[PDB]
Protein chains: 8
Amino acid sequence: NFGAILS
Amino acid sequence: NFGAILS
Amino acid sequence: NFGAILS
Amino acid sequence: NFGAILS
Amino acid sequence: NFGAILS
Amino acid sequence: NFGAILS
Amino acid sequence: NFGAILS
Amino acid sequence: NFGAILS
């Protein structure tokens, strides 16, 4: 389970 | 704005 | 299960 | 605005 | 379940 | 408005 | 506004 | 459960 958010 | 979810 | 949103 | 879902 | 909402 | 639901 | 829900 | 909200 891996989550990544770029902004 | 870029979002990515891996599972 | 992979989800990606670009904006 | 571009969205893509892979499963 | 995958759900996405963009305004 | 853009709305999408996958299940 | 960007909203996303995964489950 | 994965949930994300961006304004």
# chains A, B, ... in the order shown; residues from 1 in each chain; ligands from 1
call {"tool": "interface_residues", "arguments": {"of": "chain F", "to": "chain D", "cutoff": "10 Å", "atoms": "only C-alpha atoms", "output": "MDAnalysis selection string"}}
result
chainID F and resid 2 4 6
call {"tool": "write_last_selection", "arguments": {"atoms": "N, CA, C and O atoms", "output": "PDB file, in the first residue's frame"}}
result
ATOM      1  N   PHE F   2     -16.725  17.882 -13.540  1.00  0.00           N
ATOM      2  CA  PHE F   2     -16.427  16.512 -13.972  1.00  0.00           C
ATOM      3  C   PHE F   2     -16.545  15.547 -12.795  1.00  0.00           C
ATOM      4  O   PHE F   2     -15.917  15.740 -11.755  1.00  0.00           O
ATOM      5  N   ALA F   4     -16.741  11.206 -11.853  1.00  0.00           N
ATOM      6  CA  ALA F   4     -16.585   9.833 -12.335  1.00  0.00           C
ATOM      7  C   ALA F   4     -16.573   8.846 -11.174  1.00  0.00           C
ATOM      8  O   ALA F   4     -15.903   9.065 -10.164  1.00  0.00           O
ATOM      9  N   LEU F   6     -16.197   4.588 -10.393  1.00  0.00           N
ATOM     10  CA  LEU F   6     -15.890   3.246 -10.898  1.00  0.00           C
ATOM     11  C   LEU F   6     -15.980   2.222  -9.770  1.00  0.00           C
ATOM     12  O   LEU F   6     -15.409   2.415  -8.697  1.00  0.00           O
TER      13      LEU F   6
END
call {"tool": "select_by_dssp", "arguments": {"residues": "chain H", "states": "strand (DSSP E)", "output": "mmCIF file with N, CA and C atoms, in the first residue's frame"}}
result
data_model
loop_
_atom_site.group_PDB
_atom_site.id
_atom_site.type_symbol
_atom_site.label_atom_id
_atom_site.label_comp_id
_atom_site.auth_asym_id
_atom_site.auth_seq_id
_atom_site.Cartn_x
_atom_site.Cartn_y
_atom_site.Cartn_z
ATOM 1 N N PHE H 2 -8.361 4.516 1.339
ATOM 2 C CA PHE H 2 -7.595 5.711 0.970
ATOM 3 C C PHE H 2 -8.536 6.852 0.586
ATOM 4 N N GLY H 3 -8.356 7.997 1.239
ATOM 5 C CA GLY H 3 -9.174 9.179 0.970
ATOM 6 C C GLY H 3 -8.290 10.413 0.836
ATOM 7 N N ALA H 4 -8.555 11.226 -0.185
ATOM 8 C CA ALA H 4 -7.768 12.438 -0.414
ATOM 9 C C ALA H 4 -8.660 13.574 -0.901
ATOM 10 N N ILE H 5 -8.404 14.773 -0.383
ATOM 11 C CA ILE H 5 -9.179 15.953 -0.762
ATOM 12 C C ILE H 5 -8.251 17.139 -1.000
ATOM 13 N N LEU H 6 -8.366 17.751 -2.176
ATOM 14 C CA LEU H 6 -7.536 18.904 -2.530
ATOM 15 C C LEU H 6 -8.411 20.081 -2.952
#
call {"tool": "decode", "arguments": {"residues": "chain F", "atoms": "C-alpha atoms", "output": "PDB file, in the first residue's frame"}}
result
ATOM      1  CA  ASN F   1     -18.034  19.923 -13.374  1.00  0.00           C
ATOM      2  CA  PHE F   2     -16.427  16.512 -13.972  1.00  0.00           C
ATOM      3  CA  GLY F   3     -17.552  13.494 -11.931  1.00  0.00           C
ATOM      4  CA  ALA F   4     -16.585   9.833 -12.335  1.00  0.00           C
ATOM      5  CA  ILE F   5     -17.386   6.709 -10.301  1.00  0.00           C
ATOM      6  CA  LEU F   6     -15.890   3.246 -10.898  1.00  0.00           C
ATOM      7  CA  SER F   7     -16.854   0.084  -9.023  1.00  0.00           C
TER       8      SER F   7
END
